[PDB]
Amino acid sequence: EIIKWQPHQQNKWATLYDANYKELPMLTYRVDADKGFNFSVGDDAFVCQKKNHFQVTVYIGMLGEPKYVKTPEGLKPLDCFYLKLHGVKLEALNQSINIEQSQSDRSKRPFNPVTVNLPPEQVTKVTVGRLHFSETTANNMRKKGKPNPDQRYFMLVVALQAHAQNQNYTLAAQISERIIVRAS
């Protein structure tokens, strides 16, 4: 079974215009969290182990040659694109969970927004691996042999962003279904 995703804050997304000042067809956006998540029939949620790597793959289909972001101020020229990901707390959606990336020496760095090049008329595959939640979910412990009625969850947010004129604008974002993160 596979982690499901849904559009996150679609009414907040900026759009893209090309060099002819024509709006681009909406870009195709697909998020796939391949390794790292297992569905627990008894918990009715995806589970992972904080110790294990998980990986996220994003396919971004750029349908034309973008040059501007349309903003409140209007059309501003594109500086670059960023992929951003973070957890949020299902019972406190305004609270983020850092994601971390373990390096080849098993150190960990907090995962910062990464620059992506999105050539026109192409789908670009972006794979981010060796990821970890910086946190476990609260109340994982079973109570009365049944799931803790105060079981807490995270959700994953994967967003594509455009930097233009010293602000950021979301182009596309998806949020996952709830996840339990357990210790060992």
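In case it trips you up, residue 1 is the first one in the sequence shown, and so on.
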Comparing mean C-alpha B factor in the record for 58-66 and 32-40, the higher one is 32-40
Averaging the C-alpha temperature factors as deposited, the higher value of 48-56 versus 148-156 falls on 48-56
Per the deposited entry, the peak Cα B-factor within the set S176, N11, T170, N20 goes to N20
Quick tally, chain-level thirds of C-alpha B-factors: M141 sits in the highest
The third of the chain into which the C-alpha temperature factor of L75 falls is the highest
Among the modelled residues of its chain, the C-alpha B-factor of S104 falls in the third labelled highest
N98: CA B-factor among chain residues, third -> lowest
